[PDB]
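Chemist: Pasting model_13.txt below, which is compact mmCIF, C-alpha atoms.
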# COMPACT_ATOMS: atom_id res chain seq x y z
CA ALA A 1 120.47 103.68 109.39
CA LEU A 2 117.62 101.89 107.57
CA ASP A 3 119.86 100.59 104.77
CA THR A 4 120.32 97.03 103.46
CA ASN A 5 123.62 96.96 105.38
CA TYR A 6 122.28 97.90 108.84
CA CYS A 7 119.13 95.76 108.51
CA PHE A 8 121.07 92.52 107.93
CA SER A 9 123.42 93.29 110.84
CA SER A 10 121.33 93.35 114.04
CA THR A 11 117.67 93.26 115.15
CA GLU A 12 115.07 96.05 115.31
CA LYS A 13 111.32 96.75 115.65
CA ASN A 14 110.93 99.76 113.33
CA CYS A 15 111.11 99.73 109.52
CA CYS A 16 114.01 97.66 108.14
CA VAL A 17 114.82 96.56 104.58
CA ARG A 18 114.67 92.74 104.57
CA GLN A 19 115.87 90.23 101.94
CA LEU A 20 113.57 89.83 98.92
CA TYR A 21 115.46 88.12 96.10
CA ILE A 22 113.05 88.09 93.15
CA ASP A 23 113.51 85.55 90.34
CA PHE A 24 112.31 87.57 87.31
CA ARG A 25 110.11 84.67 86.11
CA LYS A 26 109.61 82.73 89.36
CA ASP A 27 108.04 85.65 91.25
CA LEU A 28 107.29 88.29 88.58
CA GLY A 29 107.04 85.80 85.70
CA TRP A 30 108.41 88.69 83.60
CA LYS A 31 108.51 87.44 79.99
CA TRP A 32 110.19 90.55 78.55
CA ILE A 33 113.44 89.82 80.42
CA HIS A 34 115.63 86.74 79.84
CA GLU A 35 118.64 87.33 82.14
CA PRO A 36 119.62 87.34 84.74
CA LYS A 37 117.30 84.73 86.27
CA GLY A 38 116.50 87.40 88.86
CA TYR A 39 118.32 89.67 91.32
CA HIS A 40 118.25 91.05 94.89
CA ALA A 41 115.36 93.53 94.57
CA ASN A 42 115.47 93.79 98.37
CA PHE A 43 112.54 95.55 100.08
CA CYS A 44 111.36 96.91 103.45
CA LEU A 45 108.53 96.26 105.92
CA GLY A 46 107.50 97.28 109.46
CA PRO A 47 106.07 100.66 110.47
CA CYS A 48 108.05 103.92 110.73
CA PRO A 49 108.05 106.31 113.70
CA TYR A 50 109.43 109.88 113.40
CA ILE A 51 113.24 110.15 113.73
CA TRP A 52 113.29 106.85 111.78
CA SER A 53 114.51 108.36 108.47
CA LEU A 54 111.78 110.90 107.64
CA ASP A 55 111.36 111.92 103.98
CA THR A 56 108.37 114.30 103.77
CA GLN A 57 107.11 116.54 106.59
CA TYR A 58 103.88 114.52 106.75
CA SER A 59 106.13 111.50 107.42
CA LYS A 60 106.83 112.92 110.90
CA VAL A 61 103.31 114.26 111.54
CA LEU A 62 101.56 110.93 110.86
CA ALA A 63 104.48 108.92 112.29
CA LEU A 64 103.52 110.45 115.66
CA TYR A 65 99.80 110.34 114.84
CA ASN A 66 100.21 106.56 115.19
CA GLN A 67 102.98 106.44 117.80
CA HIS A 68 100.46 108.31 119.97
CA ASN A 69 97.41 106.04 119.56
CA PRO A 70 98.05 102.30 120.01
CA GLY A 71 96.04 100.45 117.33
CA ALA A 72 96.00 103.17 114.65
CA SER A 73 96.41 101.53 111.25
CA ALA A 74 97.15 104.87 109.53
CA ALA A 75 100.90 104.86 110.30
CA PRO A 76 103.35 105.89 107.55
CA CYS A 77 104.78 103.59 104.86
CA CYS A 78 108.52 102.79 104.87
CA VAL A 79 109.74 102.51 101.25
CA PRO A 80 112.85 102.33 99.03
CA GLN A 81 114.40 105.83 99.12
CA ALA A 82 117.59 105.17 97.13
CA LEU A 83 117.59 102.44 94.46
CA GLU A 84 120.04 100.79 92.07
CA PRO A 85 120.13 99.79 88.40
CA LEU A 86 119.94 96.21 87.07
CA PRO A 87 121.99 94.65 84.25
CA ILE A 88 119.64 92.38 82.29
CA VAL A 89 119.21 91.00 78.78
CA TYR A 90 115.91 90.79 76.89
CA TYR A 91 114.92 90.27 73.24
CA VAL A 92 113.02 92.53 70.83
CA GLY A 93 111.51 90.08 68.34
CA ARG A 94 114.82 88.31 67.57
CA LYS A 95 117.57 90.81 68.46
CA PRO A 96 119.33 90.42 71.82
CA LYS A 97 119.61 93.60 73.95
CA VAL A 98 121.48 93.93 77.26
CA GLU A 99 120.52 96.98 79.34
CA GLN A 100 120.55 98.22 82.93
CA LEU A 101 117.11 98.89 84.43
CA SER A 102 117.24 102.03 86.57
CA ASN A 103 116.12 102.02 90.23
CA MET A 104 115.14 98.35 89.93
CA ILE A 105 116.93 97.52 93.21
CA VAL A 106 116.76 98.86 96.78
CA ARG A 107 119.78 100.39 98.56
CA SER A 108 118.06 101.98 101.58
CA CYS A 109 114.48 102.66 102.76
CA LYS A 110 113.02 105.75 104.48
CA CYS A 111 109.42 106.84 105.20
CA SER A 112 107.28 108.32 102.40
CA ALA N 1 93.69 108.46 90.10
CA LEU N 2 94.82 107.83 93.70
CA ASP N 3 94.23 111.43 94.81
CA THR N 4 92.21 112.78 97.74
CA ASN N 5 89.50 113.69 95.21
CA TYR N 6 89.05 110.25 93.61
CA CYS N 7 89.34 108.35 96.91
CA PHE N 8 86.41 110.21 98.52
CA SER N 9 84.26 109.71 95.41
CA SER N 10 83.72 105.95 94.95
CA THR N 11 84.95 102.61 96.37
CA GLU N 12 88.12 100.63 95.61
CA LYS N 13 90.33 97.77 96.87
CA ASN N 14 93.80 99.10 95.97
CA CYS N 15 95.65 101.97 97.68
CA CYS N 16 93.45 105.03 98.33
CA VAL N 17 94.10 108.19 100.37
CA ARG N 18 91.53 108.18 103.20
CA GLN N 19 90.53 110.97 105.64
CA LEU N 20 92.97 111.56 108.51
CA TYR N 21 92.28 114.95 110.10
CA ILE N 22 94.99 115.40 112.73
CA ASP N 23 94.45 117.81 115.64
CA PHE N 24 98.01 119.10 116.20
CA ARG N 25 97.73 118.53 119.98
CA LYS N 26 94.97 115.89 120.13
CA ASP N 27 96.80 113.37 117.94
CA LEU N 28 100.39 114.70 117.66
CA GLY N 29 100.28 116.68 120.93
CA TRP N 30 102.67 119.05 119.11
CA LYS N 31 103.58 121.73 121.65
CA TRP N 32 105.62 123.88 119.23
CA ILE N 33 102.52 124.81 117.21
CA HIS N 34 99.57 126.81 118.59
CA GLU N 35 97.27 127.23 115.56
CA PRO N 36 95.45 126.04 113.83
CA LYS N 37 94.04 123.40 116.19
CA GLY N 38 94.95 120.90 113.47
CA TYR N 39 94.35 120.33 109.74
CA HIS N 40 93.51 117.68 107.12
CA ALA N 41 96.86 115.85 106.96
CA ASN N 42 95.03 113.17 104.94
CA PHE N 43 96.85 109.87 104.37
CA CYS N 44 96.68 106.60 102.42
CA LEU N 45 96.40 102.87 103.20
CA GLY N 46 95.82 99.59 101.32
CA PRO N 47 98.36 97.77 99.15
CA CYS N 48 99.49 98.87 95.67
CA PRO N 49 99.61 96.67 92.55
CA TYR N 50 101.54 97.75 89.41
CA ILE N 51 99.62 100.15 87.11
CA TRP N 52 98.30 101.67 90.38
CA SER N 53 100.42 104.87 90.20
CA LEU N 54 104.00 103.51 90.16
CA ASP N 55 106.80 105.83 91.34
CA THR N 56 110.06 103.85 91.27
CA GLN N 57 110.81 100.89 88.97
CA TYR N 58 110.98 98.59 92.01
CA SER N 59 107.40 99.73 92.73
CA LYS N 60 106.24 97.70 89.71
CA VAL N 61 108.62 94.75 90.24
CA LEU N 62 107.57 94.11 93.86
CA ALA N 63 103.96 95.15 93.15
CA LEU N 64 103.78 92.02 90.97
CA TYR N 65 106.01 90.04 93.33
CA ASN N 66 103.00 90.17 95.69
CA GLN N 67 100.18 90.20 93.13
CA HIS N 68 101.64 86.84 92.06
CA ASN N 69 101.83 85.08 95.45
CA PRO N 70 98.69 85.30 97.62
CA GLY N 71 99.80 85.89 101.23
CA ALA N 72 103.08 87.71 100.54
CA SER N 73 103.47 90.49 103.10
CA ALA N 74 106.28 92.16 101.10
CA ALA N 75 103.98 94.21 98.85
CA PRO N 76 104.86 97.85 98.13
CA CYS N 77 103.93 100.85 100.31
CA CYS N 78 101.46 103.45 98.97
CA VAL N 79 102.51 106.91 100.23
CA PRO N 80 101.94 110.67 99.81
CA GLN N 81 103.52 111.60 96.45
CA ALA N 82 102.47 115.26 96.22
CA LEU N 83 101.94 117.24 99.44
CA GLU N 84 100.78 120.71 100.48
CA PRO N 85 101.92 123.44 102.87
CA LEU N 86 100.22 124.35 106.18
CA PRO N 87 99.55 127.85 107.57
CA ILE N 88 100.19 127.68 111.33
CA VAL N 89 101.24 129.95 114.18
CA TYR N 90 103.75 129.04 116.90
CA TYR N 91 105.75 130.99 119.49
CA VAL N 92 109.51 131.36 119.95
CA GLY N 93 109.87 132.17 123.65
CA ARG N 94 107.36 135.06 123.60
CA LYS N 95 107.24 136.26 119.97
CA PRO N 96 104.35 135.07 117.78
CA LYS N 97 105.32 133.66 114.36
CA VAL N 98 102.90 132.55 111.61
CA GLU N 99 104.44 130.31 108.93
CA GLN N 100 103.44 127.71 106.36
CA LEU N 101 104.88 124.24 106.92
CA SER N 102 105.89 122.70 103.59
CA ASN N 103 104.58 119.28 102.47
CA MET N 104 102.68 118.92 105.76
CA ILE N 105 99.52 117.81 103.90
CA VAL N 106 98.71 115.09 101.37
CA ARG N 107 97.32 115.86 97.89
CA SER N 108 97.74 112.45 96.20
CA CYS N 109 99.42 109.11 97.00
CA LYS N 110 101.43 106.78 94.72
CA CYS N 111 103.64 103.74 95.43
CA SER N 112 107.18 104.23 96.77
For this file, produce the structure as structure tokens.
Modeler:
Amino acid sequence: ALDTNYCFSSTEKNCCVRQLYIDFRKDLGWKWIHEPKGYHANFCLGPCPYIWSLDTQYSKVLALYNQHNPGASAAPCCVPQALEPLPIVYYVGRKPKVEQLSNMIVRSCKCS
Amino acid sequence: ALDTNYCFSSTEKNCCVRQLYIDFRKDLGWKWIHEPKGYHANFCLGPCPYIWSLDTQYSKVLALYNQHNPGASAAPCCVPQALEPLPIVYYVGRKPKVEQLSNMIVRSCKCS
């Protein structure tokens, strides 16, 4: 399927979650989070046809709308369907607080 | 907001649902649907920063991941958040059947 386990296993031309490690401060420069340095936010690119994991009904109508005309830039938009939390540690003024951001990671993409 | 009412009102550089009328058979060639000829499936393009309607938490983390590095092709993917039904009419063998596809239209996009 279009998960982070099947994408880093073989090749493909349709959507496919690729690696996207994000260092909280290096890429996002987030100042409200101290640890961890970052995490594997993962992500997905490439277009999405029909059968390729369809979420909404319009995901299959437009998916073909493009698969029919070569050069149409109105294709669908593969995205992160299921996500994952994220154990971090920030500071409120001077008190340390470890939490677990929700849906801050990608576990599999589909086609919204 | 990023709805089909604010997109066809002024200009913008971030995501924005644009017109995408799809003629069931002209663009999708759908043979299982007779009427209507098509409909306003609408759709959305352009990238999506953070505050720009964020759906999942990773939608704001990656949104910045790109807004920080100029040239990063791993931005988010604006999509159809809310949708609409679709009154059609197809045929099962020889019996006529009018229905209302669900979520076959776009009413507003966000950032999955």
Chemist: Interatomic distance between CA of residue 22 (chain A) and CA of residue 87 (chain A)?
Modeler: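 Interatomic distance, CA of residue 22 (chain A) to CA of residue 87 (chain A): 14.2 Å.
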Chemist: At what distance in Å, to one decimal, does CA of residue 5 (chain A) lie from CA of residue 77 (chain N)?
Modeler: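 CA of residue 5 (chain A) lies 20.7 Å from CA of residue 77 (chain N).
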Chemist: Residue 80 (chain N): which residues within 12 Å, counting only C-alpha atoms, same-chain residues fewer than 6 positions away excluded, as an mmCIF file with C-alpha atoms, keeping the file's coordinate frame?
Modeler:
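Done, and the output landed in part.cif:
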data_model
loop_
_atom_site.group_PDB
_atom_site.id
_atom_site.type_symbol
_atom_site.label_atom_id
_atom_site.label_comp_id
_atom_site.auth_asym_id
_atom_site.auth_seq_id
_atom_site.Cartn_x
_atom_site.Cartn_y
_atom_site.Cartn_z
ATOM 1 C CA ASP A 55 111.360 111.920 103.980
ATOM 2 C CA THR A 56 108.370 114.300 103.770
ATOM 3 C CA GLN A 57 107.110 116.540 106.590
ATOM 4 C CA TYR A 58 103.880 114.520 106.750
ATOM 5 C CA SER A 59 106.130 111.500 107.420
ATOM 6 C CA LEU A 62 101.560 110.930 110.860
ATOM 7 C CA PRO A 76 103.350 105.890 107.550
ATOM 8 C CA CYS A 77 104.780 103.590 104.860
ATOM 9 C CA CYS A 78 108.520 102.790 104.870
ATOM 10 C CA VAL A 79 109.740 102.510 101.250
ATOM 11 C CA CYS A 111 109.420 106.840 105.200
ATOM 12 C CA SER A 112 107.280 108.320 102.400
ATOM 13 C CA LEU N 2 94.820 107.830 93.700
ATOM 14 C CA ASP N 3 94.230 111.430 94.810
ATOM 15 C CA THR N 4 92.210 112.780 97.740
ATOM 16 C CA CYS N 15 95.650 101.970 97.680
ATOM 17 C CA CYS N 16 93.450 105.030 98.330
ATOM 18 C CA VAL N 17 94.100 108.190 100.370
ATOM 19 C CA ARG N 18 91.530 108.180 103.200
ATOM 20 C CA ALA N 41 96.860 115.850 106.960
ATOM 21 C CA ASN N 42 95.030 113.170 104.940
ATOM 22 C CA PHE N 43 96.850 109.870 104.370
ATOM 23 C CA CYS N 44 96.680 106.600 102.420
ATOM 24 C CA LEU N 45 96.400 102.870 103.200
ATOM 25 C CA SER N 53 100.420 104.870 90.200
ATOM 26 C CA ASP N 55 106.800 105.830 91.340
ATOM 27 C CA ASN N 103 104.580 119.280 102.470
ATOM 28 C CA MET N 104 102.680 118.920 105.760
ATOM 29 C CA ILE N 105 99.520 117.810 103.900
ATOM 30 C CA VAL N 106 98.710 115.090 101.370
ATOM 31 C CA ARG N 107 97.320 115.860 97.890
ATOM 32 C CA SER N 108 97.740 112.450 96.200
ATOM 33 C CA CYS N 109 99.420 109.110 97.000
ATOM 34 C CA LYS N 110 101.430 106.780 94.720
ATOM 35 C CA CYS N 111 103.640 103.740 95.430
ATOM 36 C CA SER N 112 107.180 104.230 96.770
#
Chemist: For the atom pair CA of residue 72 (chain A) and CA of residue 47 (chain A), what is the interatomic distance in Å to one decimal place?
Modeler: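 These atoms are spaced 11.2 Å apart.
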Chemist: Fit chain N to chain A: least squares, all C-alpha atoms, paired in order; write the output as a short mmCIF file (atom, residue, chain, number, x, y, z; two decimals) with C-alpha atoms, in the coordinates of the input.
Modeler:
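The new file out.cif reads:
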data_model
loop_
_atom_site.label_atom_id
_atom_site.label_comp_id
_atom_site.auth_asym_id
_atom_site.auth_seq_id
_atom_site.Cartn_x
_atom_site.Cartn_y
_atom_site.Cartn_z
CA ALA N 1 120.48 103.68 109.38
CA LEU N 2 117.63 101.88 107.58
CA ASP N 3 119.85 100.58 104.77
CA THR N 4 120.31 97.04 103.46
CA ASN N 5 123.62 96.96 105.38
CA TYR N 6 122.28 97.89 108.83
CA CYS N 7 119.13 95.76 108.51
CA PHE N 8 121.08 92.53 107.92
CA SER N 9 123.42 93.29 110.84
CA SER N 10 121.32 93.35 114.04
CA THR N 11 117.66 93.26 115.15
CA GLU N 12 115.06 96.05 115.31
CA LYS N 13 111.32 96.74 115.65
CA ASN N 14 110.93 99.76 113.33
CA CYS N 15 111.11 99.73 109.52
CA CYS N 16 114.01 97.67 108.14
CA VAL N 17 114.83 96.56 104.57
CA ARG N 18 114.68 92.74 104.58
CA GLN N 19 115.87 90.22 101.94
CA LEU N 20 113.57 89.83 98.93
CA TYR N 21 115.46 88.12 96.09
CA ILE N 22 113.05 88.08 93.15
CA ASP N 23 113.50 85.55 90.33
CA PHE N 24 112.30 87.58 87.32
CA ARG N 25 110.11 84.67 86.11
CA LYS N 26 109.61 82.72 89.36
CA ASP N 27 108.05 85.63 91.26
CA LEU N 28 107.29 88.28 88.59
CA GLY N 29 107.05 85.80 85.69
CA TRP N 30 108.41 88.71 83.61
CA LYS N 31 108.50 87.44 80.02
CA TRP N 32 110.19 90.54 78.56
CA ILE N 33 113.45 89.83 80.42
CA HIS N 34 115.62 86.74 79.85
CA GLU N 35 118.63 87.32 82.14
CA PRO N 36 119.62 87.34 84.74
CA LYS N 37 117.30 84.73 86.26
CA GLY N 38 116.50 87.38 88.86
CA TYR N 39 118.32 89.67 91.32
CA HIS N 40 118.25 91.05 94.89
CA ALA N 41 115.36 93.53 94.56
CA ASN N 42 115.47 93.79 98.38
CA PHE N 43 112.55 95.54 100.09
CA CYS N 44 111.37 96.91 103.44
CA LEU N 45 108.53 96.25 105.91
CA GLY N 46 107.51 97.29 109.45
CA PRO N 47 106.07 100.66 110.47
CA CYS N 48 108.04 103.92 110.72
CA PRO N 49 108.05 106.31 113.70
CA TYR N 50 109.42 109.88 113.40
CA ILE N 51 113.24 110.15 113.73
CA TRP N 52 113.29 106.84 111.78
CA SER N 53 114.52 108.36 108.47
CA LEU N 54 111.78 110.90 107.64
CA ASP N 55 111.36 111.93 103.98
CA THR N 56 108.37 114.28 103.77
CA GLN N 57 107.11 116.54 106.59
CA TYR N 58 103.88 114.52 106.74
CA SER N 59 106.12 111.49 107.42
CA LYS N 60 106.85 112.92 110.89
CA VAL N 61 103.32 114.26 111.55
CA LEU N 62 101.56 110.94 110.86
CA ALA N 63 104.48 108.92 112.29
CA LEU N 64 103.52 110.45 115.65
CA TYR N 65 99.80 110.34 114.84
CA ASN N 66 100.22 106.55 115.18
CA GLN N 67 102.98 106.45 117.80
CA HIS N 68 100.46 108.31 119.98
CA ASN N 69 97.41 106.04 119.56
CA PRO N 70 98.04 102.30 120.00
CA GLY N 71 96.04 100.45 117.32
CA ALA N 72 95.99 103.17 114.65
CA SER N 73 96.41 101.53 111.25
CA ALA N 74 97.16 104.87 109.54
CA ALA N 75 100.90 104.85 110.30
CA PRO N 76 103.34 105.89 107.56
CA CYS N 77 104.78 103.60 104.85
CA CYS N 78 108.52 102.79 104.87
CA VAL N 79 109.74 102.52 101.25
CA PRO N 80 112.85 102.33 99.03
CA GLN N 81 114.41 105.83 99.12
CA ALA N 82 117.60 105.17 97.13
CA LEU N 83 117.59 102.43 94.47
CA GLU N 84 120.05 100.79 92.08
CA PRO N 85 120.14 99.79 88.41
CA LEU N 86 119.94 96.20 87.08
CA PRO N 87 121.99 94.65 84.25
CA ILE N 88 119.63 92.38 82.29
CA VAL N 89 119.21 91.00 78.79
CA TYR N 90 115.91 90.80 76.89
CA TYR N 91 114.92 90.26 73.25
CA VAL N 92 113.03 92.53 70.84
CA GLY N 93 111.51 90.09 68.34
CA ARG N 94 114.82 88.31 67.57
CA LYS N 95 117.57 90.82 68.46
CA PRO N 96 119.33 90.43 71.82
CA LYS N 97 119.61 93.60 73.94
CA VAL N 98 121.48 93.94 77.26
CA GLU N 99 120.52 96.99 79.34
CA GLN N 100 120.54 98.22 82.92
CA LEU N 101 117.12 98.90 84.42
CA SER N 102 117.24 102.04 86.57
CA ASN N 103 116.11 102.03 90.23
CA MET N 104 115.14 98.35 89.93
CA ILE N 105 116.93 97.53 93.22
CA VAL N 106 116.75 98.86 96.77
CA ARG N 107 119.77 100.39 98.55
CA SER N 108 118.06 101.99 101.58
CA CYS N 109 114.49 102.65 102.76
CA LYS N 110 113.02 105.75 104.47
CA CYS N 111 109.42 106.84 105.20
CA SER N 112 107.28 108.31 102.40
#
Chemist: Using only C-alpha atoms, which of the listed residues (A:9, A:69, A:61, A:98) sits closest to residue 40 (chain N)?
Modeler: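 When distances to residue 40 (chain N) are compared using only C-alpha atoms, the smallest one comes from A:61.
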Chemist: Name the closest residue to residue 52 (chain A) among the candidates A:36, A:14, A:68, A:97; distances are taken between atoms, counting all atoms listed in the file.
Modeler: A:14
Chemist: Rank A:30, A:66, A:25, A:35 by their smallest atom-to-atom distance to residue 88 (chain A), using all atoms listed in the file, and report the top residue only.
Modeler: A:35
Chemist: Looking at all atoms listed in the file, which of N:1, N:99, N:28, N:51 is the one that sits closest to residue 64 (chain N)?
Modeler: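 That would be N:51, the residue with the smallest distance to residue 64 (chain N).
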Chemist: So, with only C-alpha atoms as the atoms that count, which of A:48, A:54, A:75, A:33 lies closest to residue 20 (chain N)?
Modeler: A:75
Chemist: With all atoms listed in the file as the basis for distance, which of A:7, A:92, A:74, A:86 is at the shortest distance from chain N?
Modeler: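 Distance minimum relative to chain N lands on A:74.
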